[PDB]
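**Q** Pasting an experimental structure, sequence included:
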Amino acid sequence: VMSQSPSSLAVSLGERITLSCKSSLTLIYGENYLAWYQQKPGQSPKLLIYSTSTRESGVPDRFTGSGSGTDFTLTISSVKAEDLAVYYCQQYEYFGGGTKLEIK
Amino acid sequence: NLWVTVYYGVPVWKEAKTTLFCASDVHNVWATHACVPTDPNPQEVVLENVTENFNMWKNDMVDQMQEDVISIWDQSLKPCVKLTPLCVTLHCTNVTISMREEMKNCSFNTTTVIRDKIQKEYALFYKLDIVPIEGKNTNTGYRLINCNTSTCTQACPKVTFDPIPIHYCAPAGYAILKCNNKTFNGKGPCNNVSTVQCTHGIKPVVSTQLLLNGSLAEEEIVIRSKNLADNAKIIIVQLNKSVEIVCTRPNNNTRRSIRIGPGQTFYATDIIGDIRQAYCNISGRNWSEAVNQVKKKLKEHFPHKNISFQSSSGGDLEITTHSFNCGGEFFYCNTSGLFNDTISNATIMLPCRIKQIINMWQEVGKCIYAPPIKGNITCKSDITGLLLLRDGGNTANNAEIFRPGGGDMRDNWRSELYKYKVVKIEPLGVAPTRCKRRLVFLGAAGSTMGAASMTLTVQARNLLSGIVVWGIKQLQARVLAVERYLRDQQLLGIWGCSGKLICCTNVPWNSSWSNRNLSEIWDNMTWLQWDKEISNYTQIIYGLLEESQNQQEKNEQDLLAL
Amino acid sequence: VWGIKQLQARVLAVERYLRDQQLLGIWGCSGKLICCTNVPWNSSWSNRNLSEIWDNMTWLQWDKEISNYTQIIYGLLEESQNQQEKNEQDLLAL
Amino acid sequence: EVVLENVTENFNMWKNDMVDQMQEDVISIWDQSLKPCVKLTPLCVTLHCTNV
Amino acid sequence: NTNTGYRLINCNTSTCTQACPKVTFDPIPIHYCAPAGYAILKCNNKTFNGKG
Amino acid sequence: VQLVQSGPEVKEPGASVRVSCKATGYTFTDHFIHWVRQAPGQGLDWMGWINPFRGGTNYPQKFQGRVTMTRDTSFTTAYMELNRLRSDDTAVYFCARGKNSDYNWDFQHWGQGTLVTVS
Ligand SMILES: *[C@@H]1O[C@H](CO)[C@@H](O[C@@H]2O[C@H](CO)[C@@H](O[C@@H]3O[C@H](CO)[C@@H](O)[C@H](O[C@H]4O[C@H](CO)[C@@H](O)[C@H](O)[C@@H]4O[C@H]4O[C@H](CO)[C@@H](O)[C@H](O)[C@@H]4O)[C@@H]3O)[C@H](O)[C@H]2NC(C)=O)[C@H](O)[C@H]1NC(C)=O
Ligand SMILES: *[C@@H]1O[C@H](CO)[C@@H](O[C@@H]2O[C@H](CO)[C@@H](O[C@@H]3O[C@H](CO)[C@@H](O)[C@H](O[C@H]4O[C@H](CO)[C@@H](O)[C@H](O)[C@@H]4O[C@H]4O[C@H](CO)[C@@H](O)[C@H](O)[C@@H]4O)[C@@H]3O)[C@H](O)[C@H]2NC(C)=O)[C@H](O)[C@H]1NC(C)=O
Ligand SMILES: *[C@@H]1O[C@H](CO)[C@@H](O[C@@H]2O[C@H](CO)[C@@H](O[C@@H]3O[C@H](CO[C@H]4O[C@H](CO)[C@@H](O)[C@H](O)[C@@H]4O)[C@@H](O)[C@H](O[C@H]4O[C@H](CO)[C@@H](O)[C@H](O)[C@@H]4O)[C@@H]3O)[C@H](O)[C@H]2NC(C)=O)[C@H](O)[C@H]1NC(C)=O
Ligand SMILES: *[C@@H]1O[C@H](CO)[C@@H](O[C@@H]2O[C@H](CO)[C@@H](O[C@@H]3O[C@H](CO[C@H]4O[C@H](CO)[C@@H](O)[C@H](O)[C@@H]4O)[C@@H](O)[C@H](O[C@H]4O[C@H](CO)[C@@H](O)[C@H](O)[C@@H]4O)[C@@H]3O)[C@H](O)[C@H]2NC(C)=O)[C@H](O)[C@H]1NC(C)=O
Ligand SMILES: *[C@@H]1O[C@H](CO)[C@@H](O[C@@H]2O[C@H](CO)[C@@H](O[C@@H]3O[C@H](CO)[C@@H](O)[C@H](O[C@H]4O[C@H](CO)[C@@H](O)[C@H](O)[C@@H]4O)[C@@H]3O)[C@H](O)[C@H]2NC(C)=O)[C@H](O)[C@H]1NC(C)=O
Ligand SMILES: *[C@@H]1O[C@H](CO)[C@@H](O[C@@H]2O[C@H](CO)[C@@H](O)[C@H](O)[C@H]2NC(C)=O)[C@H](O)[C@H]1NC(C)=O
Ligand SMILES: *[C@@H]1O[C@H](CO)[C@@H](O[C@@H]2O[C@H](CO)[C@@H](O)[C@H](O)[C@H]2NC(C)=O)[C@H](O)[C@H]1NC(C)=O
Ligand SMILES: *[C@@H]1O[C@H](CO)[C@@H](O[C@@H]2O[C@H](CO)[C@@H](O)[C@H](O)[C@H]2NC(C)=O)[C@H](O)[C@H]1NC(C)=O
Ligand SMILES: *[C@@H]1O[C@H](CO)[C@@H](O[C@@H]2O[C@H](CO)[C@@H](O)[C@H](O)[C@H]2NC(C)=O)[C@H](O)[C@H]1NC(C)=O
Ligand SMILES: *[C@@H]1O[C@H](CO)[C@@H](O[C@@H]2O[C@H](CO)[C@@H](O)[C@H](O)[C@H]2NC(C)=O)[C@H](O)[C@H]1NC(C)=O
Ligand SMILES: *[C@@H]1O[C@H](CO)[C@@H](O[C@@H]2O[C@H](CO)[C@@H](O)[C@H](O)[C@H]2NC(C)=O)[C@H](O)[C@H]1NC(C)=O
Ligand SMILES: *[C@@H]1O[C@H](CO)[C@@H](O[C@@H]2O[C@H](CO)[C@@H](O)[C@H](O)[C@H]2NC(C)=O)[C@H](O)[C@H]1NC(C)=O
Ligand SMILES: *[C@@H]1O[C@H](CO)[C@@H](O)[C@H](O)[C@H]1NC(C)=O
Ligand SMILES: *[C@@H]1O[C@H](CO)[C@@H](O)[C@H](O)[C@H]1NC(C)=O
Ligand SMILES: *[C@@H]1O[C@H](CO)[C@@H](O)[C@H](O)[C@H]1NC(C)=O
Ligand SMILES: *[C@@H]1O[C@H](CO)[C@@H](O)[C@H](O)[C@H]1NC(C)=O
Ligand SMILES: *[C@@H]1O[C@H](CO)[C@@H](O)[C@H](O)[C@H]1NC(C)=O
Ligand SMILES: *[C@@H]1O[C@H](CO)[C@@H](O)[C@H](O)[C@H]1NC(C)=O
Ligand SMILES: *[C@@H]1O[C@H](CO)[C@@H](O)[C@H](O)[C@H]1NC(C)=O
Ligand SMILES: *[C@@H]1O[C@H](CO)[C@@H](O)[C@H](O)[C@H]1NC(C)=O
């Protein structure tokens, strides 16, 4: 199981945010990696971060990935309107709880 | 002060792509019309004080020989007769005279030697290669499988597939290294390393789910994978106790030759006695011990899971079952009897099935037809290792399982080639010195530069010509090595250091390049480590040396101009 | 069918010639044809009348017995060159 | 051509390599030259014949 | 029966080829030359048995 | 490189449903093809991969004995089949492919996604 908490947040546009993906493998062995995938409701998900912090081509750099070992983070410097969507982390077959962002 | 100084023959290397060549020991394929006689003995050399690393997965030798095997196979099959005309209606019935859908009997019109003379002719087939003509009436109607896809070829009867223990030899200026450590994971550092000139005789064997013959791991059971965490990536496990096994076709067979065309003869199958499907035998009592040992080894990597094996998950015939060859006869044995959570203390026998049309590799253009072989046949062999693939879903019950897999022919050869590795040589070293101008091949690498410098002549002399569809390869190798050697000789000449090995020169050493303790450099350091930083200023050094030579020559001529 | 042959021929001849040149070089006798060296002749190899050897014998006949000790001779010469070079560098080490 | 007096030698014409060497060479040149020409395969048909 | 019936000899054995009409077989007086580092010797004696 | 699927599906409980995945734009026989089922308001879950090279497969124990994967090289198309349907099945399904062979664990290319339901 890979954990993505919180499930959401009463975000506001223009703020720097960061969500944590915490792994549970912590076993055997390069080194383990992570994948931050985007998905808006009703469409195919999308790749945002691969490896551990190498973001995908064409993604605004405000989207960022970091971490190591077990603690990793999706990060955004300033959330824009289109950015409100759902996202997940994936190290292997398993997937996290995801997270979606919205307003009151 | 110090002074730039060149040494020729320093024992340093660098990995890089290359092209090894075959080496064999009176009609077989590989030895005939290819391969040079093998070296009777390995000129192996031990290199202590030498640490290294290997990556068996990302390797060139395995891939290199892959297409080589493919090409030799195809070329050998090139001259044999094409079975094109046989793609004709097949009026068929049930086999035997005294329903056994394992094989069907058939008859059909066909062409004689003469174009306008047509004759009927019968033949028996295994139900595999036959197919209904269509989803139409005339249930007796059938066609060969390939015809709606492509043609095939009847292999030349004389040729055989007995895998010869081929050796591989590297070209001059290159060295082959073995990690002596018998518990190397296959990707990582190594400390006990030796060097040889030719690879040990490896048989070009093909199999799925099994590693027939090959070799054991004398130390213990070995497990290796690119990354066992990534379920997708294959796992390979090598046994340290070879397990005997046998298989046979209990039937008395013989071939009926049919002149399809003017000089082109098909070989239809026929039987003498009754018909009994082929099978195998194995001492499962033996099997359980290795099974339990490998289960414990797996638990070692998975301290909180169970261990089990199930049949192949399902898919293409060859993947699903264990396929192999026996004296040029293709066999497919259902392996559900092995990979189970329970065996017996008694011998275990397996039901197999036999095909006559073979897709040696997925591309269909090479579709082959196996000619029948007279009389019963039987092959005995042994298992040394096997390929496993993990399920990939963490069961809450922690009942971790693995299943047989394979199909990636490269992995088979990898299973052994993991030991070897290939590097080249760059014998031009540079170091400071106070001077101012005016066998055990590569063994000395185990010491420091000042000490190791004594035997440079051995490396110098050895690295030239020690060697003495196919030609192209070795011709390229020889020409390229010669070109490299000439380049180095010419570079030595321009530096005016031709006919020398410890040539001093007239360019003082520069501090910027490095300021190590010269004592350490000459007594505490080794070239493999010395070269690393020096790499930076190599071109500046070369320019300085060339200018030195030019000015020396011109000034000499000027003073002797008259 | 045709090229392969002559290509093999040329390459092999070139390889042989390079081998011989390199052997001359290691013996420090490059750029020479009557190179003297620093290894004294050994009696065991043969004890013919040197006068005959230089004025009565022919190479086709001279080589026959010498064939025996060729490798010993090569090793001795190589050691001679190695020691010469190393000693030169040592005396000029500074 | 050069004459070499004071030179004795021997020969074995029977056990020789040149003859054999050129044997397969002639064979190969012959076959290759014949390679591109037309194959007469279809002619293998019944022949209703009479006297010339 | 059908004594008029006949077939080409090879057909029951193998096929053959019609040589390209243009090519000819007039034996050219070929020469052989050796590669460098090798020499070709002639025994001048005109009464040599061929082995000796 | 595009990933396509067949139209949505509706079926009775206890039956078996088949779906297709058409691929293009590259060597159809060089990359594992993954399947992922998403029920409404649920996280993406893995069902299994199939290697086009030789029809090898794999499945988690959750779905084992319930799924079947096959390939057609002629039309470079994958087929999935799920048996013994039951409400849980009702969801969308996506067939995906990985950027690089070496990692074989990313997902750049996704089909539009196809929904199936029971009754
Ligand atoms: C190697 O040999 C072993 C040893 O036998 C083989 O293992 C046996 O394989 C058979 C075939 O799969 C298997 O029998 C199935 O068991 C399943 C367990 O539940 C059954 O569900 C399944 O039922 C279908 O097949 C029956 C006979 O073919 C039918 O009577 C039945 O109605 C099912 O088929 C119909 O119904 C389904 C329902 O959806 C439908 O989808 C079908 O299209 C069809 O209409 C079989 O009974 C044995 O159980 C296996 N043995 C063991 C001990 O488990 C192995 O397959 C061999 N493999 C190779 C590669 O050789
Ligand atoms: C793993 O190792 C085992 C152990 O060696 C391998 O099993 C051996 O496999 C070889 C090759 O298949 C097999 O060799 C035969 O042994 C028979 C025992 O007497 C021989 O009688 C037989 O001779 C015939 O075949 C040879 C093949 O070239 C011929 O050279 C020979 O003249 C004989 O030829 C007869 O048949 C041919 C067929 O066309 C015909 O043209 C001839 O006129 C003539 O009628 C073979 O030498 C061993 O017997 C096997 N031994 C055991 C114990 O099984 C195993 O194959 C290896 N692993 C794999 C995957 O192959
Ligand atoms: C050369 O000839 C072979 C003959 O086999 C062709 O291969 C067959 O091609 C046909 C049609 O192209 C395939 O037909 C499919 O069969 C399915 C069931 O039969 C298959 O599966 C069972 C399972 O045990 C096998 O026993 C059986 O042998 C078959 O392999 C049908 O259910 C299929 O229809 C279903 O799927 C499609 C697509 O998903 C749906 O749209 C349909 O509505 C339906 O649900 C389909 O009819 C057959 O499977 C092929 N068999 C094999 C072994 O390949 C070659 O294609 C042909 N090649 C050339 C170049 O000529
Ligand atoms: C392609 O077709 C040719 C056709 O000629 C075949 O060659 C003939 O094959 C037949 C049978 O295979 C041979 O038959 C033998 O003929 C003997 C007498 O005829 C031969 O000798 C006379 C002598 O002048 C020739 O004029 C004549 O043309 C024949 O060459 C018979 O007496 C033989 O039987 C005797 O010998 C056998 C074995 O010793 C005994 O067992 C018998 O009891 C009997 O005593 C025999 O019948 C014929 O000779 C062949 N001729 C030639 C020219 O080859 C090819 O074989 C065939 N090849 C293929 C690939 O299709
Ligand atoms: C693979 O292994 C199997 C067995 O694991 C083996 O098949 C078996 O062969 C033995 C023969 O060694 C058969 O044993 C028979 O047992 C019955 C009693 O039920 C006897 O009546 C039989 O007697 C006949 O055979 C004797 C053999 O010497 C004769 O002396 C005697 O006069 C009779 O003719 C016989 O002993 C056993 O029945 C079979 N198994 C089965 C299922 O039938 C097989 O040969 C092995 N094959 C390979 C390739 O290893
Ligand atoms: C290091 O590796 C070398 C070669 O792989 C080992 O040397 C061999 O040792 C065995 C056992 O004594 C001998 O039978 C062989 O003749 C040796 N061969 C050579 C070339 O030395 C050596 O034992 C290994 N040592 C360690 C500590 O691993
Ligand atoms: C042989 O290689 C194995 C690994 O292939 C080495 O195993 C190491 O052993 C040391 C000592 O216990 C451990 O600290 C390391 O963690 C081990 N590493 C691995 C990867 O297993 C072993 O030391 C080597 N020994 C020889 C003699 O070659
Ligand atoms: C093959 O390797 C296994 C690796 O474990 C060996 O099993 C060990 O054997 C030794 C002595 O035989 C025992 O002290 C260990 O406890 C065994 N290990 C385990 C996990 O039980 C096995 O003996 C080797 N056999 C052969 C023939 O090489
Ligand atoms: C596993 O198979 C081998 C191969 O037949 C058996 O090897 C025998 O082992 C005993 C034990 O000392 C020897 O006396 C025999 O000479 C061996 N025979 C052969 C042919 O190698 C071994 O017994 C089998 N193991 C089990 C548990 O049955
Ligand atoms: C390999 O390295 C070791 C140490 O790095 C060398 O050990 C030397 O052994 C000789 C013989 O007794 C001693 O006189 C030296 O003092 C040792 N070295 C040191 C630094 O103390 C060993 O000789 C090396 N072997 C090779 C073949 O290079
Ligand atoms: C030895 O052989 C050489 C060459 O085979 C002979 O020399 C030739 O002699 C004829 C006759 O006088 C001349 O026409 C040629 O011009 C000569 N050619 C050469 C190359 O010398 C020679 O006559 C022979 N002598 C004996 C005694 O056999
Ligand atoms: C040429 O060769 C022939 C043989 O090919 C030599 O013949 C020899 O002549 C002497 C003198 O009479 C005899 O004693 C030998 O017995 C002969 N031997 C043979 C084999 O015939 C001949 O001497 C040679 N002469 C020249 C000029 O070359
Ligand atoms: C096999 O058949 C041949 C010919 O029918 C016969 O000579 C031989 O004795 C038979 N042997 C066996 C073991 O069937
Ligand atoms: C292994 O199986 C035993 C019983 O067969 C069970 O008690 C144990 O919990 C299992 N191991 C794991 C890690 O689940
Ligand atoms: C096999 O025999 C061993 C004793 O050697 C016994 O412990 C085991 O339970 C037996 N298993 C089977 C399946 O016969
Ligand atoms: C194959 O047949 C021969 C006789 O034709 C027989 O002696 C031999 O035992 C047979 N092979 C097997 C494995 O039974
Ligand atoms: C060479 O020596 C000069 C002397 O001052 C120094 O400035 C320079 O950095 C050194 N290295 C190079 C590459 O010029
Ligand atoms: C110079 O050497 C250092 C360490 O040896 C290395 O990190 C650096 O990349 C080198 N510079 C160049 C241009 O290669
Ligand atoms: C070389 O000279 C020594 C001097 O005594 C002699 O013993 C030896 O036989 C000679 N030959 C060889 C091959 O050593
Ligand atoms: C040494 O020379 C003699 C005569 O030259 C010869 O008989 C002998 O075989 C030679 N020895 C070796 C080892 O070649």
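**A** Good, I have the coordinates. Residues are numbered from 1 along each chain as shown, chains lettered A, B, ... in the order given. Ligands and ions are numbered 1, 2, ... in the order given.
**Q** what's next to the host helix or strand of residue B:411, contact-wise?
**A** Here residue B:411, judged by DSSP states H and E, is contained in helix B:409-417. Helix B:409-417 is contacted from outside by B:56-57, B:59, B:61-63, B:65-66, B:199, B:202, B:204-207, B:211, B:214-215, B:234, B:236, B:238, B:361, B:385, B:387, B:406, using Cβ atoms under 8 Å, 6 or more residues apart in numbering or on different chains. The C-beta positions use only the backbone N, C-alpha and C, and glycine is treated the same way.
**Q** Any buried residues in it, and which?
**A** Within helix B:409-417, the residues scored as buried using 16 or more other Cβ atoms under 10 Å in any protein chain shown are B:409, B:411, B:412, B:413, B:414, B:415, B:416, B:417.
**Q** which one of those sits closest to residue B:23?
**A** Of all the buried residues of helix B:409-417, residue B:23 sits closest to residue B:417, with 15.0 Å by Cβ to Cβ.
**Q** tell me, what residue is most central in chain F?
**A** By Cα atoms, centre = their mean, the mean C-alpha position of chain F lies nearest to residue F:35, the distance being 3.5 Å.
**Q** Would you verify that that one is located in a helix?
**A** No - applying DSSP: H, G, I helix; E, B strand; the rest coil, one finds residue F:35 to be strand, outside a helix.
**Q** ok, and the closest non-adjacent residue to the residue of chain A most remote from its centre?
**A** Distance from the C-alpha centroid of chain A peaks at residue A:28, with 24.0 Å (Cα atoms, centre = their mean). In this structure, residue A:28 finds its nearest non-sequential neighbour in residue B:229, 5.3 Å apart by Cβ to Cβ, 6 or more residues apart in numbering or on different chains.
**Q** quick one, what contacts residue 11?
**A** With no chain named, the answer covers chain A. If a contact means Cβ under 8 Å, 6+ apart, then residue A:11 has A:17, A:79, A:84, A:101, A:102, A:103 as its contacts.
**Q** Sorry, I should have been clearer: chain F.
**A** With contact taken as Cβ under 8 Å, 6+ apart, residue F:11 is in contact with F:17, F:85, F:116, F:117, F:118, F:119.
**Q** Please report how far it lies from residue F:48.
**A** 20 Å (Cβ to Cβ, to the nearest Å).
**Q** Ligand 10 contacts on chain B?
**A** B:48, B:49, B:446, B:447 (Cβ under 6 Å from any ligand atom).
**Q** try it again with 8 Å
**A** Chain B comes close to ligand 10 at residues B:48, B:49, B:443, B:444, B:446, B:447, B:451, as judged by Cβ under 8 Å from any ligand atom.
**Q** Generate a PyMOL selection restricted to the buried entries among those.
**A** This is the PyMOL syntax for the buried subset of the residues of chain B next to ligand 10, where burial follows 16+ other Cβ under 10 Å:
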select buried, chain B and resi 443+444+446+447
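**Q** Take the residues of chain B next to ligand 10 and keep only those in helices.
**A** Of the positions in the residues of chain B next to ligand 10, residue B:451 sit in helices, assigned by DSSP state H.
**Q** Which of the residues of chain B next to ligand 10 sits closest to residue B:11?
**A** Distances from residue B:11 to the residues of chain B next to ligand 10, taken by Cβ to Cβ, are shortest for residue B:444, at 6.1 Å.
**Q** what about the residue of chain F found nearest ligand 5, neighbour count?
**A** Per Cβ to the nearest ligand atom, the residue of chain F with the smallest distance to ligand 5 is residue F:54, at 29.6 Å. Using other Cβ atoms under 10 Å in any protein chain shown, residue F:54 has 19 neighbouring residues.
**Q** Would you mind confirming that it makes contact with residue B:316?
**A** Yes - with contacts counted by Cβ atoms under 8 Å, residue F:54 reaches residue B:316, the gap being 5.0 Å.
**Q** For ligand 18, what's the nearest residue on chain A?
**A** Going by Cβ to the nearest ligand atom, ligand 18 is nearest to residue A:54 of chain A, at 21.6 Å.
**Q** partners of that residue in the sheet?
**A** Counting by DSSP bridges, residue A:54 forms beta bridges with residue A:50.
**Q** and the gap between it and residue B:126?
**A** Noted for residue A:54: a distance of 53 Å to residue B:126, by Cβ to Cβ.
**Q** Who has more neighbours out of those two?
**A** residue B:126 (17 against 10).
**Q** residues contacting the more buried one?
**A** Listed by Cβ under 8 Å, 6+ apart, the contact set of residue B:126 reads B:102, B:103, B:353, B:354, B:355, B:356.
**Q** rerun that using 7 Å as the cut-off
**A** With contacts defined as Cβ atoms under 7 Å, 6 or more residues apart in numbering or on different chains, residue B:126 is in contact with B:102, B:103, B:354, B:355, B:356.
**Q** Could I get the phi/psi values of it?
**A** phi -70, psi 140 (degrees, to the nearest 10).
**Q** Against residue B:278, how distant is it?
**A** 11 Å.
**Q** picking that back up, redo the buried residues of helix B:409-417 as JSON lines? Include distance to ligand 1.
**A** Listed next are the buried residues of helix B:409-417 as JSON lines, based on distance: Cβ to the nearest ligand atom, whole Å:
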{"residue": "B:409", "distance to ligand 1": "20"}
{"residue": "B:411", "distance to ligand 1": "21"}
{"residue": "B:412", "distance to ligand 1": "21"}
{"residue": "B:413", "distance to ligand 1": "26"}
{"residue": "B:414", "distance to ligand 1": "26"}
{"residue": "B:415", "distance to ligand 1": "24"}
{"residue": "B:416", "distance to ligand 1": "28"}
{"residue": "B:417", "distance to ligand 1": "30"}
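**Q** Out of these, which comes closest to chain E?
**A** Among the buried residues of helix B:409-417, residue B:409 lies closest to chain E (Cβ to the nearest Cβ), at 36.7 Å.
**Q** in the chain, which spans are strands?
**A** Answering for chain A, as no chain was given. Counting by DSSP state E, chain A has these strands, from start to end: A:3-5, A:8-10, A:17-22, A:36-39, A:46-50, A:54-55, A:64-68, A:71-76, A:86-89, A:99-102.
**Q** other chain: chain F
**A** So, for chain F - with DSSP E - the strands run F:3-5, F:9-11, F:17-23, F:33-38, F:45-51, F:56-57, F:67-72, F:77-82, F:91-97, F:109-110, F:114-118.
**Q** do you know which of these lies nearest residue B:476?
**A** strand F:45-51 (34.5 Å).
**Q** what bridges to residue A:22?
**A** Residues in beta-bridge contact with residue A:22 (DSSP bridges): residue A:3, residue A:71.
**Q** Neighbours of residue 22, how many?
**A** As the question left the chain open, I've gone with chain A. So residue A:22, with other Cβ under 10 Å, has 16 neighbours.
**Q** please go with chain B instead
**A** Counted with other Cβ under 10 Å, the neighbours of residue B:22 add up to 21.
**Q** Residue B:166 is in contact with that one, correct?
**A** Yes - in this structure, residue B:22 is within contact of residue B:166 by Cβ atoms under 7 Å, at 6.0 Å.
**Q** Common neighbours of these two, please.
**A** Common contacts of residue B:22 and residue B:166 (Cβ under 7 Å, 6+ apart): residue B:30.
**Q** Tell me who's in contact with the residue in chain A that ligand 19 sits nearest to.
**A** Nearest residue of chain A to ligand 19: residue A:30, at 59.0 Å (Cβ to the nearest ligand atom). When contacts are counted by Cβ under 7 Å, 6+ apart, residue A:30 touches residue B:227.
**Q** what number of residues lie near residue B:496?
**A** Here the number of neighbours of residue B:496 (other Cβ under 10 Å) works out to 18.
**Q** Spit out the contact partners of it.
**A** Going by Cβ under 7 Å, 6+ apart, residue B:496 touches B:549, B:552.
**Q** Look up phi and psi at residue B:542.
**A** Residue B:542 adopts backbone torsions of phi -60, psi -40, taken as degrees, to the nearest 10.
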